[PDB]
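A.B. asks: Quick one: structure below, then a few questions.
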Amino acid sequence: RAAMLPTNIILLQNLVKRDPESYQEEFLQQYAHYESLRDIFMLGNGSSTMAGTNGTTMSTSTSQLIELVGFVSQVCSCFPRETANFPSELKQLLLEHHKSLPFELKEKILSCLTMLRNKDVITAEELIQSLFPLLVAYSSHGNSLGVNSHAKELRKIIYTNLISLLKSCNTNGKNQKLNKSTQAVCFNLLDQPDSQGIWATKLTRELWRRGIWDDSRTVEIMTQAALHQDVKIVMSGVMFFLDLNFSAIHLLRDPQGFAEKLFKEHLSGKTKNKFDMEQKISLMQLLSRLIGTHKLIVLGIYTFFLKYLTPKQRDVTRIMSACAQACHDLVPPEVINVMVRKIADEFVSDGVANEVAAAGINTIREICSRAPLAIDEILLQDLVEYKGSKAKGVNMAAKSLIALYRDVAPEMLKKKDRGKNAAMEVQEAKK
Amino acid sequence: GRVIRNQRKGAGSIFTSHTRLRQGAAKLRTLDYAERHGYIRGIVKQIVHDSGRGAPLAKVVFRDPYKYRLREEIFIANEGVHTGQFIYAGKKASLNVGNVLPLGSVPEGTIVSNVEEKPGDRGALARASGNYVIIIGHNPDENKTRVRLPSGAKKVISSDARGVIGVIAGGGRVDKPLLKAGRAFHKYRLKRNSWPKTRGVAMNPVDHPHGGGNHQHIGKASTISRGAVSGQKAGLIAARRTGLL
RNA sequence: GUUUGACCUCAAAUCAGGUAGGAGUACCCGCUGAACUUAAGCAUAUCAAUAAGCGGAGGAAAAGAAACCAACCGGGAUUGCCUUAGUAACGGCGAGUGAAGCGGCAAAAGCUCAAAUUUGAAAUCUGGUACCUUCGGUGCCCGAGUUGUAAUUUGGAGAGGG
RNA sequence: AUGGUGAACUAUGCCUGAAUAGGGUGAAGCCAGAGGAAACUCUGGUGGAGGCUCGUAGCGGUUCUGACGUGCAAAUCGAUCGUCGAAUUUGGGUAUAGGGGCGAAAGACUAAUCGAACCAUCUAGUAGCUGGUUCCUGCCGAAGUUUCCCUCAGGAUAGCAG
RNA sequence: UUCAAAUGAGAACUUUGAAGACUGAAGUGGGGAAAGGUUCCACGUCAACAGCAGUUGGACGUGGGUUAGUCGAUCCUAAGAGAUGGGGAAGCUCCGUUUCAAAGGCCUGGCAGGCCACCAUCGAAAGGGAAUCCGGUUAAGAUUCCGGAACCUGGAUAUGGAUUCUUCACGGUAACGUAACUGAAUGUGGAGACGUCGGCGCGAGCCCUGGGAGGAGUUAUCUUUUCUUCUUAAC
RNA sequence: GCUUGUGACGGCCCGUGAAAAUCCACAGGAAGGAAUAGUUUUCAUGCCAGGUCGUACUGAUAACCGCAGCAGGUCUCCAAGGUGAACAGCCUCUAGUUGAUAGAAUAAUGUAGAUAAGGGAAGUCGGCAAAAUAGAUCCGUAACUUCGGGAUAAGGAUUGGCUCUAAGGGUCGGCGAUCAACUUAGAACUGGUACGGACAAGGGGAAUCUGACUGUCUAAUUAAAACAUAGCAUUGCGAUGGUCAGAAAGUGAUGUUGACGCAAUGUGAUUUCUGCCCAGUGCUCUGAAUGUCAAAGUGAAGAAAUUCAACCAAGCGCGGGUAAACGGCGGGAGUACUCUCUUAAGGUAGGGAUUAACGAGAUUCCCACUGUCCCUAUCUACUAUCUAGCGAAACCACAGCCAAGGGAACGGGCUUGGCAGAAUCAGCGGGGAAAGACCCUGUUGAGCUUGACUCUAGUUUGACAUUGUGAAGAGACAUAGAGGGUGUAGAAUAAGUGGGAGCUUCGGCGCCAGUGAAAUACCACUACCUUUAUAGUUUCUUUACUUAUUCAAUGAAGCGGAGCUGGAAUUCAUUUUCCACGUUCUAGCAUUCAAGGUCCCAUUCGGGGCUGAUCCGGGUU
RNA sequence: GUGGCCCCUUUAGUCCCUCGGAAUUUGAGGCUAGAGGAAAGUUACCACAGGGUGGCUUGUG
RNA sequence: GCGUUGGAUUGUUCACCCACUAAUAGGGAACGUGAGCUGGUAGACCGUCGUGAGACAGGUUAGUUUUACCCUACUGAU
């Protein structure tokens, strides 16, 4: 057992954690080996080329260093002397080579730094300066295109480790000195217009969901992301402000100008035609759900919808369900009359099908629930024609419009539809 | 189910040691005024064999100071002592092989055997064949002494605790293969009834946790816990790891 | 006076004299404690505060003269019978379980210590011994005992002084 | 379930004693001679090792369309076979006791009893289903989805008769 | 398996004799341990039993018979069992065997001074162990009785012998020797006291064998022949 | 020569192969003893006594156990001659027995044996069984091999009797005289059908699968590829301990132990091979904070019972390790899918695989050999058979000739027909005798297993009590305070909201002026954030003491402190520390209140005290 | 013409009843009226108790 | 009416192969549950599955019923 003890680390560390005044020489016997090992790492199937590897076999030097790193990181607190430069050695092993290290060794160092920060050996203010620069470097597109670069796994590890760090730091009280510092790097990433704000948006969404970053300073970051030029950043911002919306709307600085800038930049202004329909629809949803909720006025929305309000168009049931969400009690009903007369011309016309007509009437009555004086009695009557329609979609739809105007403006309806209380209320109030 | 073999081992019917032919319990001299202040001389008469044990013993005759008589102690012989040799035991004894000293008196780097965990234990450590402990350092204040044991562990104990210089005799005993069931038979005939060992996989479920099955296998994970109890602890009690090293 | 004694505590004797054990155990006083069964199968539950097991007595044992029942115009130790009553109550509110006061009767019985200064008299008691009228008495001598033996007092009362 | 009796068979350990023809092979060590500068080699002998071997007693129990089959025998007889100096065979003494022991492990052995020994009591234990249920005569005299409790199911009911 | 005779009411089975065979010294012999318990031996003796029989029997009825200082137990301890003291347990009882006891036995000269240190008991008729052999005798008993000849233990002791006036012996260079030749406490050493196999040597008994002194047998022919006795215990 | 005892030697061991009673001797020298006489009972002789119980007989085909006068089982000693290697088998001596129901015949079928022409496995599931071989001398002996074996490999020549030759030894004599045993080799002659003349006594070979081997088990159907084994690997444990017991205990096993050990597992000789995964399940980590979070304890409300809140150990959760742990079998990247390329379970070589021995293990083929077969026949012994004597059992509704029909596919009985003569012996096995598995079901009995349900020993962590004497620190309740805000633009660091255009020390300024979602003076509201102090309130961490408590040891022996005493030692003036007058060439010895010195008495043949050997202490260490 | 063609949870009681020695106030139980809706496998190692042709066919799709 | 064979093959045979022969025809009386004699549960191993105890899509190996002396029938004998 004695001759094998230097080979068995798991027993050595349990012995050292008991009586660490002893086992000094046993620790130096391994620190010297670790030093000599790091001083090294610092510096195909074709008939011709050398044969390749499977991706899971490693070197005996690396297999030893991966063990020694854990041993030293777990007994550094017992030996503060002879280990003061150890975490700095790890840090400059990582952020000066990035490439001459195998993935297992990188992962091991990344976990040992995290536990060395859980213990108060290392501070977050100097672990952040190790973790963040590796994200940008392994999202390079030139580092991630080796043979067996583990770039995606490393980018996931560093991200979840940052999350654990900030979750650690914001437990008792919110470390404002840290949050205010690592929001500045998100701001200074979103400036770089290529794609690097991905690691700001993807992180701020996580921290909002974990409730760690409920602050006005953070919603500005996602506003700037939504106002960005890159599609996968704009979408991150839009899906953040969606998730029916979340409480972040109640920490905005100017929602009306936000919606105006969005509608001007992305959809209408240059007509760059970058977003696909699946993303344009998600932008429409955000705009309409902000507008209806906060009583906004843009008036370009209501002509932008009209191109897409045709039953021969791709997935219109989402578009028309957002059309209603941008209606108010406080907008000129003529610009909605044109919309209702487009829908009526193209969905409840002659020959149209049952689903088409029912969709039209259902998306008109939920408009009129917000903007009641946006369609007049003459077309209201044309649509309550379809009460007894034998199809069971159009009947259920027309009954909703009738019950909507039975409580709001029952004089537009005819005597046949005023249902026993609207008529009685009108008979007393007409004299 | 049944009660199993390791549980039966504790009662001690047929598993008691076989102690007829043992020459006697091997021990150091009792801690007395002579050993505490100066030394005392004895003569080693016989180097002898002990049944059930691989190391040889030494009969050492000392003179009783308080009464006119002789007293024979049974020491475990170290490698190099001989009959007619004089064994000096105590604090002021010289630094030679076979002599008994306290660990505080000797320097660091020396080799000793039959060490006492505490003074008055009369021999606890480094008693088997070819075994020794190494003193690495002293701390005279707070009097303690740091030693390395055969397993590689490092311990700190009283400097007044005693030990006998040298290595226990009989080394290399396990380098020879036995080649035969009969030599193991005769070996354990004199130790105890821990041989032969049937495998739990080869039994029925009543007789072992590992028993049962149409194929000889274990149904699970031979690493048992440490909080397990009395019938569950089949193999690999509290394994920190497994596998070849 | 580094001596001579008193007390306290703990021991020893084939010391003087006595005492316990074990048996039987139908009934009696306690302790300990199952399952079969019945419930649908079954954890509660029932069988059962049973059987087996242990300790301990007598001709009876135990209980017993209220820290009771009551709510009456008040009764008045304990035990057992008739009745209260298959009731009040308990319970997967299921199987099932389950008392008590009152009333009539049998038999009838009441009492004792500690806690109080004899303080003008430890007045008390075992043992040893000599006689005697020997289930015991008188005298005498060692001893117990004041860290309390006698008389007097026990709540129904009672004591002291007059 | 409760409380008790068993290691005289047999399993295992320990203590103390006893028993085991004749042959075959021929290991280390050793002697001489020959060839060598010498390491060393070759030849002839000696010696008598081995959980070697043939094979008695002994221990076991492979095969036979074997004998017997209410047999000598509740496991035997014959021939044939495995082993035969050792992890050998064995006597007496001793230890381990029942949900326990022992086990070179077959759920084997533990007094012809073992996937939980034997004895007595609780105990007339109990389901389910089977079997049986003791004299004569006279008078009357049936029945098979009709309705349901978590489907079988043991049932509860309509109708029939006295 | 057979033949004759005897016995008897009766004989395939009993007794004697005459034959023929068997076990064949790892026995169908002579003795013992465990177990059994009179089955041993004698005298009567046949109702039942001995798978036929029966005058016979380990049967039935009645008696006789087992002699120890030396053989054994008894004693010692082995694996182990088990009280006390103490501690548990409601308790029947459990633990453990020198433990946390004031655990008792010797001296010197109103008892005074000293010395020693230590655990009940049980446990082997094959382990250890003090000492007996021969011959004869019984219906049946014997290393036990008779005769003769010895030995061990323990005890009291007289005589002779040895030693001594150089008080507790001499000789021998030595290994050591002798008829003896004082010895308390205390201590030490030895014996008791030890495996198994191989071959070599020595001894006892047996086997084989010669001469001679005796007895028996064969002898149709031969064989100075075949068999048998000629022994010597403990001490 | 056989048996036995004994001696000196040799070999084997990770095996080194009882204890006590009892006896003796030695060292030592307390002591006592002769002179006009003692001493010695380990020299010789002489005297006395030796208790209790057992003691016969069998010890087995009749005295024991098996229900018995049962072919079974049951420990041991002695052990003759011949053949022959031999305690084998065969015959015999001594000793013992001649017991087992008998007689007459000689049918079949059987049981136990034996022989058979020619052919020789055509038999049969299958060469089952039987036959053949067999001892000793000589020649000769392959592949393979862990170099030790295989191997009696295989395959061949012989064996009698009689008469001879040669060689192989001991004791005495300055080469001979004398004595004696069975061992081998060789020759001649001779009889033969046969010569290990009976008994006794291997059949062999080419290959496959399998387990390394020797060994062990299912007593009473399974002896094996099962178990064990050596070897191999892993795990836990440094005694305050690991594993395991006990109701408890001042209790126990391993342990008369100590990592070359104990305990727990798996694999299963040697050789060769041995690549990767910690996603999962388990195991493990002296693993931060936060989350979950029992009891006690704390705070608030209430008149109180109570109610609420906060705090809240381990464990879980969380994230690190481990695959000779159970599992398991690929990796990475770009935009679950889809494209891409690495796949290091690569043979290191084209010498990569030609691979032991052992086995009552499973299998095929060949030689030899035969009545297995064509194709059966014959003989011997014991039965059967007959006789004298003795004398059961199973089974039994009643009984016993067939056919057809009905019929539960199926009558001995009923209907219709065929028929039908006493009483019987030996055989046979068609039927009847006439006495099985398999399938299903119980809301069954037990055994076993598992994150099935309810529990539980044990273990673990927390509170209280046992529990006393001291000290120093950190956090929080609770009040009193004190200040704060950078996304961008804007003079500037804008919580936010609402009132609005000066109280004025200055008119600095507030309004009017940009820029901004929001506009600043002045005064109020009520959100967050961070800090200051401790009336008190508490909680927690660390540390000191010993008398409780706990552990261990011993002969309860030498402990603690001392101008101690005496030495040095280095000091800055006086100490502080070491030592102590006690012991180290050697297989010796060390004991009689300890000799000596010194004080006293008595003069005795000797006594006592101090010291030799420092003092003190209410702690055995 | 008095519409239309087919059982365990919770709340509330003026001056509801009771809490049995009397009362008051909290709680509790009633009677009313409302609003809601314990438990898996295996056994060949096993054991017990029970149970179990319509004259049918033929050579030709 | 009378005959309708001998053999090879078990990595198998609900059969086929070559010979002899005059020929080498088919079937029943059992297989309309189950009935002479002979091949084709308990132990152990590999494979699939199962958390496991164990089970099976399998495969291999080893593995104790024992009349007639009764009635009838049949065969022979008084």
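Here chain B follows Swiss-Prot for its numbers: 2-246, in order, are the residues you see.
Structure determined by electron microscopy, 3.1 Å.
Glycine too: its Cβ is placed from the backbone N, Cα and C atoms.
Swiss-Prot lists B:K46, B:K93, B:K119, B:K145 with the feature ubiquitin cross-link, giving a large-scale study or a structure entry as the kind of evidence. Annotation source Swiss-Prot lists phosphoserine at B:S52, B:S95, B:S159, B:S160, citing a large-scale study or a structure entry.
Where in this structure would I find these features, and how exposed are they?
C.D. replies: Non-local neighbourhood of B:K46 (ubiquitin cross-link): B:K60, B:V61, B:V62, B:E73, B:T84, each in the same chain, at least six residues away, with C-beta under 8 Å from its C-beta. In three-state terms derived from DSSP, B:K46 (ubiquitin cross-link) belongs to an extended strand segment.
With a 10 A radius on its CB, B:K93 (ubiquitin cross-link) counts 12 other CB atoms from all the protein chains. Secondary structure at B:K93 (ubiquitin cross-link), as computed by DSSP, is coil.
Taking all protein chains in view, 10 other C-beta atoms sit within 10 angstroms of the C-beta of B:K119 (ubiquitin cross-link).
Taking the Cβ of B:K145 (ubiquitin cross-link) as centre and 10 Å as the limit, one finds 18 other Cβ atoms among all the protein chains shown. According to DSSP, B:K145 (ubiquitin cross-link) sits within a strand segment.
According to DSSP, B:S52 (phosphoserine) is assigned to coil rather than to any helix or strand.
The Cβ of B:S95 (phosphoserine) has 9 other Cβ atoms within 10 Å, all protein chains considered.
A strand conformation is recorded for B:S159 (phosphoserine) in the three-state DSSP classification. Shown in sequence order, B:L104, B:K119, B:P120, B:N144, B:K145, B:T146 are the residues of the chain, 6+ apart in sequence, with a C-beta less than 8 angstroms from the C-beta of B:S159 (phosphoserine).
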A.B. asks: Taking Cα atoms as reference points, rank the recorded positions B:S52, B:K93, B:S95 by distance from B:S160 (phosphoserine) and give the first.
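C.D. replies: Checking each of B:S52, B:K93, B:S95 against B:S160 (phosphoserine), the shortest Cα distance is to B:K93.
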A.B. asks: Could you check the modified residues B:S52, B:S160 and say which one's CB has the most other CB atoms within 10 Å?
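C.D. replies: Result for the most crowded candidate: B:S160.
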